[PDB]
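Notes follow once the structure below has been shown.
Counting neighbours? That spans all protein chains shown, and the Cβs are built from the backbone with ideal geometry, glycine included. Read the figures in this text as sums done on the coordinates, not as results from a lab.
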Ligand SMILES: [Zn+2]
């Protein structure tokens, strides 16, 4: 039926409705730190989120998304391996049922408790919908989450999850500053990839930060209380909403640090 993360509609079944699932530049991938190529040509990342305007938080049945106003260059990403300006449109997470799994990308086979994805689209295409049809249409900033000390800047997100427990529920979520979710260092790995959920379009320039952010056990536990199902339906906990690593194929992962 509809795609998901269950036993009968999970990642291994996606190729039936979305053939590109077996494409040449699919994500996520395992980042082999000893095979990654240091590129001194790579520029530092430029993250300008001071004028960010968050609007709403939504449970879309696959994860929860915090949406931003992308009608102007309020929150943008530039520099790094990017050519042009990319506007932040939304961010969401992927997490597991246990602290030992949850991230989509892995580092030397290591899985993190969760992974944060900040999605941006290339302004030259005018349109998020137009951007996903281009090889350089999107730029996604990936950040790993490890369990340890609590992340203060994440609590506002955690506290509102009760109001969007089921699929289709949304809540006003204004005044949220995404800068509180960034690690200290902006060193990164980058490679050409795809969206990790259907339609799995190969329009993403992935920028994965080396430094993970730490969140508390209680914070992640609250993520696990969400539901894949809609209100009134049998409860299915929203956990393990991650896609496993895909073949790197003919791609090179570059590092901004040595
Ligand atoms: Zn994602």
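Quick notes on this structure:
- Computing FRET efficiency as 1/(1 + (r/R0)^6) for residue 110 and residue 172, where r is the C-beta to C-beta distance and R0 is 45 Å, gives about 0.75.
- Per-pair calculated FRET efficiency, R0 = 30 Å: residue 133 and residue 216 via Cβ, rounded to 0.05: 0.15
- Residue 38 paired with residue 235, simple spin-label distance in nm, labels 7 Å along Cα-to-beta-carbon: 5.2
- For the range 1-143, taking Cα atoms only, Rg and Dmax work out to 16.6, 47 Å respectively.
- Shape summary of the range 70-145, radius of gyration then Dmax from alpha carbon positions: 14.3, 41 Å.
- Fewest-first ranking of 93, 18, 176, using other Cβ atoms within 10 Å as the exposure measure: 18, 176, 93
- Between the range 118-161 and the range 16-51, the C-alpha centres lie 13 angstrom from each other.
- Rounded to 5, percent antiparallel among DSSP beta bridges of the chain: 80
- Cα radius of gyration and Dmax for the range 1-84 (Å): 18.2, 47
- Estimated inter-spin distance, residue 13 and residue 251, nm [label 7 Å along Cα→Cβ]: 2.5
- Spherically averaged projected area in nm², based on the convex hull that wraps the Cα atoms of the chain: 13.1
- The smallest convex shape that holds all Cα atoms of the range 161-225, its convex hull, gives 147 Å³ per residue.
- Averaging the sequence gap over all C-alpha pairs within less than 8 Å and six or more residues apart, then dividing by the number of residues, gives the chain a relative contact order of 27 percent.
- Length-normalised contact order of the range 171-246 in % [C-alpha pairs under 8 Å, at least 6 apart]: 21
- For the range 115-232, the spread of Cα positions along each principal axis, largest first, Å: 39, 38, 25
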